[PDB]
Every structure is written in structure tokens, then in C-alpha cells.
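Engineer: One structure coming up, written as C-alpha cells, with questions to follow.
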Amino acid sequence: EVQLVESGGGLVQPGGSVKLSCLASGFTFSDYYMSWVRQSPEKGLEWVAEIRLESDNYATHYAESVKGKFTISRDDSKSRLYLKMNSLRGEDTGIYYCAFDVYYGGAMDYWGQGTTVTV
Amino acid sequence: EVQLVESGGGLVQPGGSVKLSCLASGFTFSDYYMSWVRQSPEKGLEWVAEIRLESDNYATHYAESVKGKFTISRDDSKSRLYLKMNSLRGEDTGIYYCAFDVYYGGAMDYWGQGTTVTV
Amino acid sequence: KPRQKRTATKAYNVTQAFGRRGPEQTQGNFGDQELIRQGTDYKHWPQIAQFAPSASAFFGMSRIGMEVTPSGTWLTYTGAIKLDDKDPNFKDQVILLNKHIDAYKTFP
Amino acid sequence: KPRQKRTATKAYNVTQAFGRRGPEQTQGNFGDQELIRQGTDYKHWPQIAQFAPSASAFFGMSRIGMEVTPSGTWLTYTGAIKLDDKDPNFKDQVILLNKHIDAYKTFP
Amino acid sequence: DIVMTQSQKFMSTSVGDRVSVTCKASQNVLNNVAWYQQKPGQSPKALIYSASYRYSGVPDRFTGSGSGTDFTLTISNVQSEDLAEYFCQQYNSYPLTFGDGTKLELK
Amino acid sequence: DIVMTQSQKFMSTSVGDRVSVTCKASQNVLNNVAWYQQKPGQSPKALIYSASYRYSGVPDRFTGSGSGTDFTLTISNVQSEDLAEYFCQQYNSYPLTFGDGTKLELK
Amino acid sequence: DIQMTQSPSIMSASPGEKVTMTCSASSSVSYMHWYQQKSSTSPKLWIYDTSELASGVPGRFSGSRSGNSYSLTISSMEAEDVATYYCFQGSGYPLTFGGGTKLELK
Amino acid sequence: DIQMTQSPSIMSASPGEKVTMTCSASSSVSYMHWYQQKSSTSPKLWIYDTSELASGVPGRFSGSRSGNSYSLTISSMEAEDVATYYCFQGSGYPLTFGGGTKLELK
Amino acid sequence: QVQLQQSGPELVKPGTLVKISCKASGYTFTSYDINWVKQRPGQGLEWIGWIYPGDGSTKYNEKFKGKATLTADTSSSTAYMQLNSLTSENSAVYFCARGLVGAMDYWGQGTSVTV
Amino acid sequence: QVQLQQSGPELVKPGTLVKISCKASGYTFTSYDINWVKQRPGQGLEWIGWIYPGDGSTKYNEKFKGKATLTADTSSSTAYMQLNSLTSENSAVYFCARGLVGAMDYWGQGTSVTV
Numbered sequence: 001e002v003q004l005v006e007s008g009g010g011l012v013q014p015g016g017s018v019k020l021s022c023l024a025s026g027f028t029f030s031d032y033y034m035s036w037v038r039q040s041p042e043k044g045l046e047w048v049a050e051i052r053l054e055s056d057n058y059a060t061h062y063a064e065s066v067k068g069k070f071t072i073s074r075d076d077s078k079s080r081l082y083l084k085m086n087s088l089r090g091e092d093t094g095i096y097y098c099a100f101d102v103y104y105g106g107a108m109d110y111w112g113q114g115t116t117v118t119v
Numbered sequence: 001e002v003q004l005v006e007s008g009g010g011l012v013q014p015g016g017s018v019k020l021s022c023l024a025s026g027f028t029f030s031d032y033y034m035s036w037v038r039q040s041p042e043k044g045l046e047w048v049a050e051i052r053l054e055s056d057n058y059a060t061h062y063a064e065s066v067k068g069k070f071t072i073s074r075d076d077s078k079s080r081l082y083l084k085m086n087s088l089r090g091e092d093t094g095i096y097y098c099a100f101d102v103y104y105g106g107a108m109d110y111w112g113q114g115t116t117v118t119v
Numbered sequence: 257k258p259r260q261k262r263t264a265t266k267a268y269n270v271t272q273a274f275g276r277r278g279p280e281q282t283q284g285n286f287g288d289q290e291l292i293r294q295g296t297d298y299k300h301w302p303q304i305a306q307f308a309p310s311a312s313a314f315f316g317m318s319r320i321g322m323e324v325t326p327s328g329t330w331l332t333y334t335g336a337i338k339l340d341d342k343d344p345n346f347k348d349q350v351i352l353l354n355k356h357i358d359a360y361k362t363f364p
Numbered sequence: 257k258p259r260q261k262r263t264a265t266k267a268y269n270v271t272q273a274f275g276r277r278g279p280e281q282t283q284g285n286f287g288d289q290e291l292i293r294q295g296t297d298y299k300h301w302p303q304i305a306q307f308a309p310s311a312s313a314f315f316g317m318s319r320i321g322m323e324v325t326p327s328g329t330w331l332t333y334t335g336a337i338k339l340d341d342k343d344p345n346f347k348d349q350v351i352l353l354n355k356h357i358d359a360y361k362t363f364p
Numbered sequence: 001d002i003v004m005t006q007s008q009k010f011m012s013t014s015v016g017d018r019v020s021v022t023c024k025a026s027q028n029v030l031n032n033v034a035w036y037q038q039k040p041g042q043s044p045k046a047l048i049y050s051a052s053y054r055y056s057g058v059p060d061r062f063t064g065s066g067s068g069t070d071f072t073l074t075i076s077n078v079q080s081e082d083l084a085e086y087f088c089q090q091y092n093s094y095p096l097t098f099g100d101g102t103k104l105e106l107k
Numbered sequence: 001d002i003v004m005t006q007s008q009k010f011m012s013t014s015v016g017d018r019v020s021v022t023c024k025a026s027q028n029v030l031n032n033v034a035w036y037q038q039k040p041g042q043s044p045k046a047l048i049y050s051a052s053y054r055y056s057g058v059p060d061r062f063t064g065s066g067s068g069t070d071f072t073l074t075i076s077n078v079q080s081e082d083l084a085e086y087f088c089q090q091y092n093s094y095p096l097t098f099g100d101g102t103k104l105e106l107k
Numbered sequence: 001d002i003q004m005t006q007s008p009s010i011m012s013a014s015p016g017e018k019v020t021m022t023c024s025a026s027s028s029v030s031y032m033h034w035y036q037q038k039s040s041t042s043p044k045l046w047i048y049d050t051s052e053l054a055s056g057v058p059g060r061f062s063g064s065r066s067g068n069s070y071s072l073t074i075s076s077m078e079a080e081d082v083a084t085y086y087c088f089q090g091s092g093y094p095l096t097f098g099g100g101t102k103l104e105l106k
Numbered sequence: 001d002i003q004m005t006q007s008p009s010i011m012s013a014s015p016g017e018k019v020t021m022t023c024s025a026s027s028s029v030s031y032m033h034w035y036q037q038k039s040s041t042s043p044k045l046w047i048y049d050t051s052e053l054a055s056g057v058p059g060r061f062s063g064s065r066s067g068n069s070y071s072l073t074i075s076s077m078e079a080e081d082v083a084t085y086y087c088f089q090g091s092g093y094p095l096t097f098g099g100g101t102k103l104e105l106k
Numbered sequence: 001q002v003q004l005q006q007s008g009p010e011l012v013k014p015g016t017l018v019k020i021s022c023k024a025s026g027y028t029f030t031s032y033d034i035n036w037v038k039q040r041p042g043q044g045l046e047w048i049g050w051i052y053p054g055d056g057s058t059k060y061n062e063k064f065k066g067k068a069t070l071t072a073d074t075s076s077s078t079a080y081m082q083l084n085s086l087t088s089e090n091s092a093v094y095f096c097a098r099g100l101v102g103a104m105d106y107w108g109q110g111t112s113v114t115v
Numbered sequence: 001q002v003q004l005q006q007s008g009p010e011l012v013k014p015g016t017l018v019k020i021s022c023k024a025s026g027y028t029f030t031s032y033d034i035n036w037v038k039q040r041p042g043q044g045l046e047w048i049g050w051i052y053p054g055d056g057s058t059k060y061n062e063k064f065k066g067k068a069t070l071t072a073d074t075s076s077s078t079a080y081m082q083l084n085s086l087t088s089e090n091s092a093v094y095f096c097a098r099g100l101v102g103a104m105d106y107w108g109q110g111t112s113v114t115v
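Top line first, the protein sequences correspond to chains G, B, A, D, F, J, C, H, E and I. All residue numbers for the first sequence refer to the entry's author numbering, where the first residue is 1 and numbers rise by one. All residue numbers for the second sequence refer to the entry's author numbering, where the first residue is 1 and numbers rise by one. All residue numbers for the third sequence refer to the entry's author numbering, where the first residue is 257 and numbers rise by one. All residue numbers for the fourth sequence refer to the entry's author numbering, where the first residue is 257 and numbers rise by one. All residue numbers for the fifth sequence refer to the entry's author numbering, where the first residue is 1 and numbers rise by one. All residue numbers for the sixth sequence refer to the entry's author numbering, where the first residue is 1 and numbers rise by one. All residue numbers for the seventh sequence refer to the entry's author numbering, where the first residue is 1 and numbers rise by one. All residue numbers for the eighth sequence refer to the entry's author numbering, where the first residue is 1 and numbers rise by one. All residue numbers for the ninth sequence refer to the entry's author numbering, where the first residue is 1 and numbers rise by one. All residue numbers for the tenth sequence refer to the entry's author numbering, where the first residue is 1 and numbers rise by one.
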């Protein structure tokens, strides 16, 4: 019933901007929170940021490694999650996953496929 | 085991003073409450008074109609309960009983034999 | 703080302090989609909070036992609290305590 | 006040408000010969009451269920709280808890 | 989205008998369903909540039973003031459904 | 009052073997008993509390078990420093009634 | 402060029939203990806390908590139940016994 | 802020031999979770609430909590266990994954 | 007792915005939730949404997102609704009821629209 | 480390009052109980009683009621025992010890009394 799919990647020039998108189908999207996770050969996995429901005025929270240069937005009608990026320095190379959990609280158990971003 | 024995009653003229006794054997008398209950052929059972442990400075508590003219005291060494009376009117006719409970409070299960007081 | 005296708010979500809900004996059962997120900020909380035992009442009414395994020591509680059928709020509590009890089987 | 939110003291003895302790399912079994008398004035009360669940813990850890009989409704609460083994007060809590559980068999 | 389906769009009966209807749910909905009555050209009135309990003002002989999938409403000793349409609602996963309708008639 | 009886007023054993004692109670004492050890001359220490738990400093060679009436302990291996007297108490009724005395000598 | 009144004064009974005794309580008495006294003997306890039968008792009797009104239901009458019956408080300090109900046969 | 470190990094293993991986953490860690990632696949959840195995997880694995240090104990090594395992926190908003331990064979 | 009075019938031209009001009384307004439902003639009931006159929370159903806009007024315990579809397909009646978590307790006379 | 010092040996004449001292340290004094036990040479241990420094509560065993008397001194966390029945039957050793209600934790040296 639940299946995520993410896209929007491609080669990015140093200092450019790319808007990865994640689409969900098969569940009430405006009921659950979602977050993003990087994947790089060296630094392993690191947490990007998560977003909260419309009830709390679309409250956000971003990781300390990238406070700026990133922005998570969530339209509710089209049921997508947008991860806008800015000034991609030569460190953010690899795969990006969009993950969410049913029992609200970080226990992520519904991952996607992966979007490849290279500088 | 528990076996209460009470005595000391007898014929008393109006305005006199008697002193009932209540001796117990088979349990640690210094660790339980005890109260008195009167009986009359007409008014049924009424509550006389109760007494509490040495911890609360030998606290006492008497009924309403017999608030005065009665006094409960307890010496722990000889393991007895004393109920002193003064100025007995015509209402104090019948049998008096000792009563103490194991589970401190309310339900009285270990009763005695009875002491007959007639005006 | 010990896990038995932790309040659940919008910061500490119910699944973030009391563990995920499930069928296991240790895991909890109560809670629906709204409660596990809002916490004590859930709008109809006081009405369901009128059944939370006090400090003395919990010991005075529940049956307690100690079970010891090589894993450690556990206190087991078996309680039973009756609901008044005369108060007008009787048709306010059964619905609340039915929408949330055993609701983990309905989550996607 | 409802039975689930009564505080016991030297005025309301534990047996006077929570019912006489016994072996029945509804009745409780805690208290040895003094907690049923002094109440919250028991000189070792806080160390036992630190295991008392809060408002959000009782409805966040217990396996709540609802049972309906011709007698009425009943909320059934099973639970399990783990006691740590590193804090020194561990060897203060096992002594107290054992010398009060199932102590109604020791009365004369 | 949970779908609640009924049968017997028309179901007449006799006076003072035992009639019971059925209401099957697609996805498991525990025990949180409610049964409602509506006489023609009037507003609905709540009959039964929590699938077992009865509202105040609602008379006896209106009982409910079931859990999970098959919910049943049993009416005993059907009287004149019962010609109406009866519905069932689910409350586990917003959005909410109201069934289709069960007309209770005479024969 | 409660009397805690302990037979075997003199027991010998070898080194590093399994030795156990026995201490029976007249009335039910639930599980509220504790053992203690006292070497000749010096004051007694504390071995086991609640019949199934050790204090801090007691070696794991010592263990205890039992409930209700037949409270017992077991020393895994008899060492040189375990030549002393051992007692078992009754922390339930108020007259505490410590119990007799047993010794564990060599042979 | 507190006044308690048993409803039936002298209620008759027949073997195998149902008996109902009612004690009122114009107060907030938590649990109403419940005693029985026979002729020329010491009183004995019969209901512990509003529901529980006492120690050494036939299972015929059963208490209730119908609001502030409390009641005892005797399932079937027998020769072993001809005595007086009393209701007793114990929440507040000024304890008060009832008035008693005398169950006789027919 | 909370910083966490997994002690082993390239720990090897042999069939049937017990495997232990320890994740250190600061305080406020309520229930550390464990995820597993294989080569070229999406990450999956394997331990939640430090004790409960996930859906499909063989009963071989089990977690523990020795104070502030959490541990994963692979009972017996199998061919279907060569992957990277990483620890995760869930209490504080600044979530932080571990460093990962790559379990190989001998 | 508990009564929820609703406005009378309303005949409107297509597209022209409507407004259906229901005034509450006899109960604590900010203690219970007010929901709406529609009933096409012949067809069955179907959910629309609820509004709670506290934080102003309002969770519509998927079908009628943007088609309906609930409001609240705690000054007179009155809640009203604005519909903007009006395509002769929603020619029906509407019922404004109450509820704890969705279980409808009481009802009201309702209204009636006509395109 | 938790320790409990006690006075030295005492040789007294018959009938004379005897006071035994027991000083505590490294422990919250009002958070435990100081109890006493007696050990005749050859015989077994027997209970005497404890004193809680806070409330001053004292519970004695049946045998020694009116024989021994305890006291508390929160000024220096020291407790004393007065024996006022010694004639010839108590040439023994006394052990001031600690412990929660019931069992005894770490003990003290004790002291011997001979008439």
C-alpha cells in the first residue's frame, strides 16, 4: 500500500541549485512526517532534516552540518516533498533518501529508492 | 489465636461510676486499635468510642450522645482496655462488647463475650 | 529521569519516550494516531486523564508482584478500575477509551 | 471523589478507602502492618512512591483493556516497570518491596 | 479509505418480532462503529454508540453486537414507531463513511 | 512470636566443594529473610538480603534460595576465608528473632 | 453529621424466596460494612466492603452499591438466616450503626 | 548536542561465532535503534526500542543496554549477515547516526 | 437540553457563494466538536468535516477539500459553512451535528439548498 | 565509606546504670535506623530495638521492655543505650548496627559489658 519514489537529481555544477522531489502514493500524506538522509562513501549516513505536519504551522528543523543551503517544503495537495538546495559545495556527493515512519517518532521503516547527486 | 474476655459489670445506682475491663491474650495488643459497642433491647447497637495506638499520644475519639461521662484509657503493659463511666442515666442499660479489627479500620471481626450493666 | 515518570508532550512524542506500540507484553497498547503525536496537548486529554491513578491509589488498588529473571527484576501490576454508570459523562468516556484502546492494529 | 484518585493518610486509613486487603482479584495486596495505618506518613514512603506512574505513564505503558459484564464496565491494567541495578538505592528498594507485597497472609 | 457496505436495501417485517440487520466493514475497525436511525423527512437521531452501548432517551430492545468486521443491530418487539432508515458509521480512520441505508418496513 | 529453627549446630566440609545449610521457620515469613556471617572475634557483616540478593562486597560464591519456610543458602566453593559462623533472620513480624547459630569447619 | 436509616423494619420471609434489605446513606461513606447478630450471641461480620462475603459464610448473600443506597440481596431463605442484620459505616470518625432489620418466616 | 561513536569499525567474523557491536552514546538517549544497509540497496530497520526485532528479522539478533552503552549481539554468524550496521538516536531533534560497523568474514 | 438551530431553506443561482449557519446553545461551546454532513436525495450520507471552536482545527475529507470552508464564532456559539462548487451536483440537504471524536450525539433540523 | 564507631569495653558494678555510645558518619543520619542486638558468650543473637532519629520512634522487643532505653542525638549522629536491669545475667557483648526497616546493612564493632 505504501511506496515512495524520489527523483530530480543529476549533475550539479559547484555552487548551483537543485530541487529534489519525493512523491508518495497509497496513504494519507498529510498525516505523517518525513525526513531526508544522505549517503556518502566516506561519512556514511548523516541526517539532513525533517518536517512536521500542517498543524504546527509547518514546523521545520534542520541539522547543524547544513543549517542554511537547504530548505524542506511540503505541498499537501499534490502530495510531494521538496528539498531545495543552494550552493552545493564539493562535499555533498552521493545518494539521498527520503524516509518516514508510521509511529510518529524516529524509527524510519519506509525508505525509498535513492536520488544520485554529484558535484 | 485471639480470645477477648471482658468483665467488671454489675448493678449500679443512678449517678454512680463503674469500670469495665477487657483483657486480651494471644496477640500483640500494643499494635491494634480497639473500640466499644453497646446494645439495648430497644435502640439496637450504638457506637460508644474507640482508642488509637501509642504513636498518636494515645489519641481518643468518643461518640456524640456519650461525648461526656465516658473515658477510654489503655495500659499496654498488662494488655487491657479500661472504659470508665460516670453518672450513668437510665439510657445505659444492656450489654457492652469489646471489638478490634486486624485490618486497621472499619470491619470489626474479633468480638468478645459481653458485659451486663443495669441501672 | 526514570522511564516511569516521564511526561509526553509535543517534544517527547509518546512513541519517543514510551517506545513503539505493539503486541508484546512490555510494549504499550493504548493510543491512536492523534494521541501519539500531540501528547498531553491532545484536546480531550483531561476527560481520559480522570482515570490516571494517584501516587497512593496505584499502590492501594492494584495487585503488585515481583518477577525476577536473569534479565533483571520487574514489578508486575494488575489493576481494575470501575467506571460510574450514573454520571452524565458516561457517554463521553466509553467512546474515548474505545477509539484509542488496541488501535495499533489499524495503523498502515 | 472517585476511587482511583483518593490519597490515604492517618485519617483515611488505606483499608478504610481502598478496601480490605485480601486474595481476591479486585482487592489489593500491598502494605505489611504499617503502611495500611500511617499511609503517606509512612517514614519510608518516597522511596516506594518513586515507582508510582505519572498521568502520562499509566496510559503510556500499561496494556489497557475494557471488560463488560452485567455488573458494568471495568478498565483492566496490566503493566511492568523495570528496576535498575546500578544505582545504589537498588539495595534499598528490593527490601521494602518484598516486605510489603502479599503481606495479607501474615496477619493473625 | 475504509468502505462500509450493507445489503437488503429494502427489508420489511412484522410488528412485535425479532429483526436484525448486518453491516460488514472492509478494513478492520476494532469496535468503534455507531448505529443511527432517521424517520422520513426528519433529522437523524443517535441510536447506539461503541457498537454495544445505548444513548439516553433511546429505548430498550435496541441492542448491538460485533467486533472487527461484522457489526449487527438487533431490534426486538418492533412497534409502529420504527418505520425508518438505519445507518452505520465508522470512526477508526478519517475519512468517515455512513453506509448506504437500511429501510425497515412492514408486511 | 515467631521461632526460626536451624539444625546442624556443627558442620564440616572440604575446600572448594559445595556446602549448604538449612533454616526452617515456624510461621510463614514470605520471602523476607536475610543471612549474615561473623568470623570469630570480629563483628558480623551482611551476606544476603531478601533471600535471593547479595550486598556489595560479598563474593559471588555465595548464593541463596527459598521461599515461605525452607530458606537455604549455598556456597559455591569453600575457601580459607569462609571459616566463620552463619545466621539467618526473620524480617517480617516485629519480634525480629535472629536464629541460633551454625558453623562451617574443615575436615 | 451523618444519619443512616434501614428501610424495612420487620420484613417477613418464606423459604426459597428472595430477600432484599436496604440501607440508605446521606453521606459519602466509601464502603458500607455489614454485620449480623443472632439471638443471645456475639455479633459476626458478613459483608466486608459492600460486595465481599465474609469468612465462613454461605454464598447466598450478595451486596450492591446502587448509588448512595446500599442493599443486601438474599438469594434463597433458609432456617439459618432468622436473625437481626445491621449496616455499618467507617469512613468518617463519628461511626454510626443502622437500625436493624428483623427477618422472620411465614 | 549529542555525539556518538561505534567502537568496532571493520570487525571480522567466522560462521557460528558470536559477534558483538557496541554503540556509545551520551545521556537522554531514550531508545537507540539499529538499522542495516547492504550493498546497493535501501536501508532497512532491524532493531527498535533496543529490544524488539523488526518484521522479518531472524531471531538470531538481540539488543542490550549496559548503562549509557548499547550493544548488538549477533548470536551466530550466517552468510546472510554480511552488511553495514549503524546506530540511530531518536530523542533529541538534532538526530545523529553512528559511524557504522562493516562486518566481514574470515 | 441540547439544541442546534440551523437556518432555513436557501434557493441560490449557480456559482453564487452560499453561507449556511448553525447556532449552538445549552452546552459549553468549547467542550465539544461540531461536524457537518450532506445527503443527496436518494443517495446515502457522506462526511464533510468538523470544526472545534478551540485552536480552530479543521480536518476536511479528501473529496471536499477546497469545496467547503468551515468557520467558528465563539461570541454567539455559531458555526457556519461556505460552499463554492454549486454545480447542480450538490443539490441536497446538509446537517450540522455534534460529536466527541466523530460519533454523532445530537443533530439539528438542517437546511436545504437548491441550484 | 560508611562506618559506625562504638565505645570501648566497660566493667561495672551490679545495679549501676550503663550507657553505651554509637557514633555514625558518612551517612544521612535521618535516612536509616540504628538498632541494637545482644550476644551472650555461647548463646545466639537476639533483638533489642531500633530508634529513628527523625520521629524519635522506638519499638522494643517484649523481653527487654522496661530494661533498656534508647535515645537519639542528631547533633553528632550518635545514639546511646541505657541498661538499667543489669544484675548478673548480661555479661555479654552489644552490637550497634544499621539498616532499613527489617534487614541489617553494614554493622559496627560493638562493645562488651561484664559485671
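Where is the CB? At the ideal position from N, CA and C, for every residue including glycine.
What's the gap between the Cα of H/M11 and the Cα of H/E104?
Structural biologist: In a straight line, the C-alpha of H/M11 is about 7 Å away from that of H/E104.
Engineer: According to DSSP, which residues form a beta bridge with E/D33?
Structural biologist: Answer is E/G99.
Engineer: Applying the criterion that 16 or more other CB atoms from any shown protein chain within 10 Å of the CB defines a buried residue, is E/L70 buried or exposed?
Structural biologist: With 16 or more Cβ atoms within 10 Å of its Cβ, E/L70 is classed as buried.
Engineer: Output yes or no for whether 8 Å exceeds the beta carbon distance between A/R319 and D/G328.
Structural biologist: No, they are not a contact pair.
Engineer: Please give me, in chain order, every unbroken run of the alpha helix (DSSP H) with length at least 4 that falls completely inside the stretch 270 to 309 of chain A.
Structural biologist: Listed in chain order, the complete alpha helix (DSSP H) runs (minimum 4 residues) inside the stretch 270 to 309 of chain A are 270 to 273, 291 to 294, 301 to 305.
Engineer: Taking Cβ positions only, does H/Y86 come closer than 8 Å to chain A?
Structural biologist: It does not: the Cβ of H/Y86 has no partner Cβ on chain A nearer than 8 Å.
Engineer: DSSP state of D/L352, grouped into three classes?
Structural biologist: Here D/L352 sits in helix by DSSP.
Engineer: Check whether the Cβ atoms of H/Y70 and H/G63 sit closer than 8 Å, and answer yes or no.
Structural biologist: Cβ atoms of H/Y70 and H/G63: closer than 8 Å.
Engineer: Below 8 Å, can you find three or more Cβ-Cβ pairs linking the stretch 70 to 81 of chain H to the stretch 6 to 21 of chain H?
Structural biologist: Counting Cβ pairs under 8 Å, three or more are found: they touch.
Engineer: With respect to the alpha helix (DSSP H) encompassing D/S312, which residues constitute its N-terminal and C-terminal limits?
Structural biologist: Residues 311 to 317.
Engineer: With 7 Å as the limit, tell me which residues of the stretch 15 to 45 of chain J have their beta carbon closer than that to any beta carbon of chain D; keep them in chain order.
Structural biologist: Per Cβ criterion, the list reads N28, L30, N31, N32.
Engineer: Output the distance between the C-alpha atoms of A/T263 and D/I351, rounded to the nearest integer angstrom.
Structural biologist: For A/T263 and D/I351, the distance between alpha carbons rounds to 28 Å.
Engineer: So if DSSP puts G/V12 in a beta bridge, which residue, or which two residues, is it bridged to?
Structural biologist: According to DSSP, G/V12 bridges with nothing at all.
Engineer: Using three-state DSSP, classify E/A92 as helix, strand or coil.
Structural biologist: If DSSP states are grouped into helix, strand and coil, E/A92 belongs with coil.
Engineer: Under 8 Å between C-beta atoms, does residue 246 of chain A make it to chain E?
Structural biologist: Summary: the structure shown does not reach residue 246 of chain A, with chain A confined to residues 257 through 364, and so no result is reported for it.
Engineer: Residues in the same chain with beta-carbon distance under 8 Å from B/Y104, minus the five sequence neighbours each way, listed in chain order, please.
Structural biologist: So the qualifying residues of the chain are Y32, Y33.
Engineer: For the beta strand (DSSP E) containing B/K43, name the first residue and the last one.
Structural biologist: Neither: B/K43 is in no beta strand (DSSP E) and is coded neither H nor E.
Engineer: Can you pull the chain D residues whose beta carbon is under 8 Å from the beta carbon of I/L100, in chain order?
Structural biologist: Here the neighbours are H300, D348, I351, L352.
Engineer: At which residues does the beta strand (DSSP E) containing F/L47 begin and terminate?
Structural biologist: Looking at the DSSP string, the run of the beta strand (DSSP E) that includes F/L47 is 45 to 49.
Engineer: For G/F27, which residues in the same chain have their Cβ closer than 8 Å to its Cβ, ignoring the five residues on either side in sequence?
Structural biologist: The residues are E1, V2.
Engineer: Leaving out the 5 sequence neighbours to the left and right, which residues in its chain are closer than 8 Å to B/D109 when beta-carbon positions are compared?
Structural biologist: Hits under 8 Å: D101, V102.
Engineer: Buried or exposed: which applies to F/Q79, given that a residue is buried once 16 or more other Cβ atoms fall within 10 Å of its Cβ?
Structural biologist: The residue in question, F/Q79, is exposed, as its Cβ has fewer than 16 Cβ neighbours within 10 Å.
Engineer: Using Cβ-Cβ distances below 9 Å, what residues of the stretch 84 to 96 of chain J are close to chain I?
Structural biologist: If the cut-off is 9 Å between Cβ atoms, the stretch 84 to 96 of chain J has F87, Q89, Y91, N92, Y94, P95, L96 near chain I.
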